[PDB]
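Colleague: Submitted below is the structure of interest, expressed as structure tokens.
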Amino acid sequence: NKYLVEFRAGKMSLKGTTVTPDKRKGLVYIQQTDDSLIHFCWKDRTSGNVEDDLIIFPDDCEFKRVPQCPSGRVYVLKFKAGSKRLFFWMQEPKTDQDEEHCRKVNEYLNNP
Amino acid sequence: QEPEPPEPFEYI
Amino acid sequence: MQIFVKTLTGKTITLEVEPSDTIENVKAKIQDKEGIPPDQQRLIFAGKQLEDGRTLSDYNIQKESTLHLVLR
């Protein structure tokens, strides 16, 4: 099932006010299934297990850069339905495409 | 190669 | 409490429910309103598909929430 956008990222944890990261080589991507729904998933590049698979409709989410993280390229998939924040730190070698991937995420989530 | 994890940061 | 179910074609309906209610108890309410067999109903919220047997609290769905109703 072809992907629509993919890029190496890892995960992080939001304890209280404190976003803590995860060490695994993960990957973020967006996939369209045969019934057309748009999924936002994250899978373990190591084991290959897909730990996250969310069906996303226009206006569900924003995928944004996180300013409070200087030491990493932290992005947050955030929901208007509540306090579901989902944190990811870019694991790509070159930062050249961080911002294109951020745009294309938002684009496919909200313009499918 | 591949970046190092970020240091924990407060979320605001 | 008051919640809304919106379909893709745009048709909205308003339901009165409890957080204790099970997803199947919600698809029954939708059927009574629109006539759609629950077997044809998919309800998605915050990117999670709501499963039969779990409740609305399990997904911590609160008053004035909009559930996505996709048909199969």
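For the structure tokens, the naming scheme is as follows: chains receive sequential letters (A, B, ...) according to their order of presentation, residues are indexed from 1 within each chain, and ligands are indexed from 1 in presentation order.
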Dump as a tab-separated table the rows for residues of chain C within 9 Å of chain A: closest atom pair and distance in Å with one decimal, only C-alpha atoms counted, ordered by chain and rising residue number.
Modeller:
```
residue	atom	partner	partner_atom	distance
C:44	CA	A:55	CA	7.3
C:45	CA	A:81	CA	8.1
C:46	CA	A:81	CA	6.4
C:47	CA	A:54	CA	4.3
C:48	CA	A:54	CA	5.7
C:49	CA	A:55	CA	7.4
C:61	CA	A:81	CA	8.8
C:65	CA	A:81	CA	7.2
C:66	CA	A:81	CA	8.2
C:68	CA	A:57	CA	8.3
C:72	CA	A:35	CA	8.2
```
Colleague: Within chain C, find each residue whose DSSP state, derived from the backbone, is alpha helix (DSSP H), and express the selection as a ChimeraX atom specification.
Modeller: /C:23-34
Colleague: Selected residues, N, CA, C and O atoms, written as an mmCIF file, in the first residue's frame, please.
Modeller:
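File produced: result.cif:
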```cif
data_model
loop_
_atom_site.group_PDB
_atom_site.id
_atom_site.type_symbol
_atom_site.label_atom_id
_atom_site.label_comp_id
_atom_site.auth_asym_id
_atom_site.auth_seq_id
_atom_site.Cartn_x
_atom_site.Cartn_y
_atom_site.Cartn_z
ATOM 1 N N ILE C 23 -20.248 1.909 22.648
ATOM 2 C CA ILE C 23 -20.294 2.333 21.248
ATOM 3 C C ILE C 23 -21.501 1.733 20.536
ATOM 4 O O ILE C 23 -22.117 2.368 19.676
ATOM 5 N N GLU C 24 -21.851 0.497 20.869
ATOM 6 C CA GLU C 24 -23.015 -0.106 20.251
ATOM 7 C C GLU C 24 -24.298 0.561 20.724
ATOM 8 O O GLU C 24 -25.262 0.664 19.962
ATOM 9 N N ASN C 25 -24.335 1.013 21.976
ATOM 10 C CA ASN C 25 -25.448 1.825 22.452
ATOM 11 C C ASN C 25 -25.528 3.164 21.719
ATOM 12 O O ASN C 25 -26.591 3.790 21.690
ATOM 13 N N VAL C 26 -24.423 3.613 21.124
ATOM 14 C CA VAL C 26 -24.436 4.847 20.348
ATOM 15 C C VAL C 26 -24.884 4.585 18.914
ATOM 16 O O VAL C 26 -25.576 5.402 18.306
ATOM 17 N N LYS C 27 -24.476 3.463 18.343
ATOM 18 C CA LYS C 27 -24.884 3.156 16.992
ATOM 19 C C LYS C 27 -26.369 2.823 16.933
ATOM 20 O O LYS C 27 -27.028 3.046 15.907
ATOM 21 N N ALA C 28 -26.907 2.295 18.028
ATOM 22 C CA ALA C 28 -28.342 2.078 18.128
ATOM 23 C C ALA C 28 -29.093 3.402 18.119
ATOM 24 O O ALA C 28 -30.135 3.528 17.467
ATOM 25 N N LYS C 29 -28.575 4.410 18.828
ATOM 26 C CA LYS C 29 -29.231 5.715 18.824
ATOM 27 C C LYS C 29 -29.181 6.343 17.445
ATOM 28 O O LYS C 29 -30.168 6.925 16.980
ATOM 29 N N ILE C 30 -28.048 6.204 16.765
ATOM 30 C CA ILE C 30 -27.920 6.733 15.416
ATOM 31 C C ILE C 30 -28.898 6.037 14.477
ATOM 32 O O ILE C 30 -29.542 6.681 13.643
ATOM 33 N N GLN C 31 -29.031 4.712 14.608
ATOM 34 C CA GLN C 31 -29.991 3.984 13.787
ATOM 35 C C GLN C 31 -31.403 4.499 14.009
ATOM 36 O O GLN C 31 -32.134 4.778 13.055
ATOM 37 N N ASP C 32 -31.813 4.610 15.266
ATOM 38 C CA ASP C 32 -33.152 5.093 15.558
ATOM 39 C C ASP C 32 -33.424 6.441 14.918
ATOM 40 O O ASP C 32 -34.583 6.789 14.705
ATOM 41 N N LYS C 33 -32.383 7.213 14.620
ATOM 42 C CA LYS C 33 -32.521 8.527 14.012
ATOM 43 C C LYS C 33 -32.469 8.486 12.492
ATOM 44 O O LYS C 33 -33.304 9.090 11.824
ATOM 45 N N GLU C 34 -31.487 7.795 11.932
ATOM 46 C CA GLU C 34 -31.241 7.836 10.505
ATOM 47 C C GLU C 34 -31.583 6.542 9.787
ATOM 48 O O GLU C 34 -31.629 6.532 8.551
#
```
Colleague: Residue 3 (chain B): which residues within 12 Å, counting only C-alpha atoms, same-chain residues fewer than 5 positions away excluded, as a ChimeraX atom specification?
Modeller: /A:8-10,23-25,71-74,89-95
Colleague: Just N, CA, C and O atoms for this one: save the residues we selected as a CSV table (one decimal), in the first residue's frame.
Modeller:
```csv
chain,number,residue,atom,x,y,z
A,8,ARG,N,11.8,9.9,8.6
A,8,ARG,CA,12.3,9.3,9.9
A,8,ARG,C,12.0,10.3,11.0
A,8,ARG,O,12.4,11.5,10.9
A,9,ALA,N,11.3,9.8,12.0
A,9,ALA,CA,11.1,10.5,13.2
A,9,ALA,C,11.0,9.6,14.4
A,9,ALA,O,10.8,8.4,14.2
A,10,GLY,N,11.2,10.1,15.6
A,10,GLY,CA,11.0,9.3,16.8
A,10,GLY,C,9.9,9.9,17.6
A,10,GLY,O,9.3,10.9,17.2
A,23,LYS,N,13.8,6.7,22.2
A,23,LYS,CA,15.1,6.5,21.5
A,23,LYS,C,15.1,5.7,20.2
A,23,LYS,O,16.1,5.7,19.5
A,24,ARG,N,14.0,5.1,19.9
A,24,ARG,CA,14.0,4.2,18.7
A,24,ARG,C,14.0,4.9,17.4
A,24,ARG,O,13.4,6.0,17.2
A,25,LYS,N,14.6,4.3,16.4
A,25,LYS,CA,14.6,4.7,15.0
A,25,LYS,C,13.2,4.4,14.4
A,25,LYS,O,12.9,3.4,13.9
A,71,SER,N,17.4,21.7,21.1
A,71,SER,CA,18.3,20.6,20.9
A,71,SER,C,17.8,19.5,19.9
A,71,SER,O,18.6,18.7,19.4
A,72,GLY,N,16.5,19.6,19.5
A,72,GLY,CA,16.0,18.6,18.6
A,72,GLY,C,15.0,19.4,17.6
A,72,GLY,O,14.7,20.5,17.8
A,73,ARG,N,14.6,18.6,16.6
A,73,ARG,CA,13.6,19.1,15.7
A,73,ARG,C,12.3,18.5,16.0
A,73,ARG,O,11.7,17.6,15.3
A,74,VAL,N,11.7,18.9,17.1
A,74,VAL,CA,10.5,18.4,17.7
A,74,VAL,C,9.3,18.9,17.0
A,74,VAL,O,9.1,20.2,16.9
A,89,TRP,N,10.4,13.8,17.2
A,89,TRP,CA,11.6,14.5,17.0
A,89,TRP,C,12.2,14.0,15.7
A,89,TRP,O,12.5,12.8,15.6
A,90,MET,N,12.5,14.9,14.7
A,90,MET,CA,13.0,14.4,13.4
A,90,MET,C,14.3,13.6,13.6
A,90,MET,O,15.2,14.0,14.3
A,91,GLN,N,14.3,12.5,12.9
A,91,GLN,CA,15.5,11.7,12.9
A,91,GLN,C,16.2,11.6,11.5
A,91,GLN,O,17.1,10.9,11.3
A,92,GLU,N,15.7,12.5,10.6
A,92,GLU,CA,16.4,12.6,9.3
A,92,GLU,C,17.8,13.2,9.5
A,92,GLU,O,18.0,14.0,10.4
A,93,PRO,N,18.7,12.8,8.6
A,93,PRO,CA,20.1,13.3,8.7
A,93,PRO,C,20.2,14.8,8.4
A,93,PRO,O,20.8,15.5,9.1
A,94,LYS,N,19.6,15.2,7.3
A,94,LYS,CA,19.6,16.6,6.9
A,94,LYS,C,18.3,17.3,7.2
A,94,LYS,O,17.2,16.8,6.8
A,95,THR,N,18.4,18.5,7.8
A,95,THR,CA,17.2,19.3,8.1
A,95,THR,C,16.6,19.9,6.9
A,95,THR,O,15.5,20.6,7.1
```
Colleague: Just want the 8 Å neighbourhood of residue 14 (chain C), counted on only C-alpha atoms, with same-chain residues fewer than 4 positions away dropped. Output as number ranges by chain.
Modeller: C: 2-5
Colleague: Please extract the residues of region 23-66 of chain C with a backbone DSSP assignment of strand (DSSP E or B) and present them as JSON, numbers by chain.
Modeller: {"C": [41, 42, 43, 44, 45, 48, 49, 55, 66]}
Colleague: Could I get the residues of chain B with an atom no further than 6 Å from an atom of chain A, each paired with its nearest atom pair and that distance in Å to one decimal, using only C-alpha atoms, sorted by chain and residue number, as a Markdown table?
Modeller:
```
| residue | atom | partner | partner_atom | distance |
| --- | --- | --- | --- | --- |
| B:2 | CA | A:93 | CA | 5.5 |
| B:3 | CA | A:91 | CA | 5.7 |
| B:6 | CA | A:72 | CA | 4.7 |
| B:8 | CA | A:20 | CA | 4.7 |
| B:9 | CA | A:19 | CA | 5.5 |
| B:10 | CA | A:18 | CA | 4.3 |
| B:11 | CA | A:17 | CA | 5.0 |
```
Colleague: As a PyMOL selection string, please: the residues near residue 76 (chain A) (cut-off 8 Å, only C-alpha atoms, same-chain neighbours under 5 positions excluded).
Modeller: chain A and resi 62-66+85-88
Colleague: Output the selection as a JSON list (two decimals), in the first residue's frame - N, CA, C and O atoms for each residue.
Modeller:
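Below you can see out-v9.json, which holds the result:
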```
[["chain", "number", "residue", "atom", "x", "y", "z"],
["A", 62, "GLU", "N", -3.37, 19.49, 13.65],
["A", 62, "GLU", "CA", -2.28, 20.27, 13.09],
["A", 62, "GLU", "C", -0.99, 19.52, 13.36],
["A", 62, "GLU", "O", -0.82, 18.93, 14.43],
["A", 63, "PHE", "N", -0.07, 19.55, 12.41],
["A", 63, "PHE", "CA", 1.29, 19.05, 12.63],
["A", 63, "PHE", "C", 2.23, 20.24, 12.64],
["A", 63, "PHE", "O", 2.42, 20.89, 11.61],
["A", 64, "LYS", "N", 2.82, 20.52, 13.79],
["A", 64, "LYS", "CA", 3.53, 21.77, 13.97],
["A", 64, "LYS", "C", 4.92, 21.56, 14.54],
["A", 64, "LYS", "O", 5.20, 20.57, 15.21],
["A", 65, "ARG", "N", 5.78, 22.53, 14.24],
["A", 65, "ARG", "CA", 7.08, 22.64, 14.88],
["A", 65, "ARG", "C", 6.91, 23.09, 16.33],
["A", 65, "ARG", "O", 6.01, 23.87, 16.65],
["A", 66, "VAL", "N", 7.76, 22.57, 17.21],
["A", 66, "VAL", "CA", 7.70, 22.85, 18.64],
["A", 66, "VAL", "C", 8.84, 23.80, 18.97],
["A", 66, "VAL", "O", 10.02, 23.42, 18.88],
["A", 85, "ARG", "N", -1.89, 15.51, 22.42],
["A", 85, "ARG", "CA", -0.70, 16.00, 21.76],
["A", 85, "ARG", "C", 0.19, 14.80, 21.50],
["A", 85, "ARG", "O", 0.33, 13.93, 22.36],
["A", 86, "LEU", "N", 0.78, 14.75, 20.31],
["A", 86, "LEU", "CA", 1.64, 13.63, 19.93],
["A", 86, "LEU", "C", 2.96, 14.17, 19.42],
["A", 86, "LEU", "O", 2.99, 14.87, 18.40],
["A", 87, "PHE", "N", 4.04, 13.83, 20.10],
["A", 87, "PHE", "CA", 5.33, 14.48, 19.89],
["A", 87, "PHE", "C", 6.27, 13.58, 19.11],
["A", 87, "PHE", "O", 6.28, 12.36, 19.29],
["A", 88, "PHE", "N", 7.06, 14.19, 18.23],
["A", 88, "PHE", "CA", 7.96, 13.49, 17.34],
["A", 88, "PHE", "C", 9.18, 14.37, 17.16],
["A", 88, "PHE", "O", 9.02, 15.57, 16.98]]
```
Colleague: How many Å separate CA of residue 99 (chain A) from CA of residue 49 (chain A)?
Modeller: 26.0 Å
Colleague: To one decimal in Å, tell me the separation between CA of residue 16 (chain C) and CA of residue 70 (chain C).
Modeller: 19.7 Å
Colleague: Can you measure CA of residue 21 (chain C) to CA of residue 54 (chain C) for me? One decimal in Å is fine.
Modeller: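 A separation of 8.5 Å between them.
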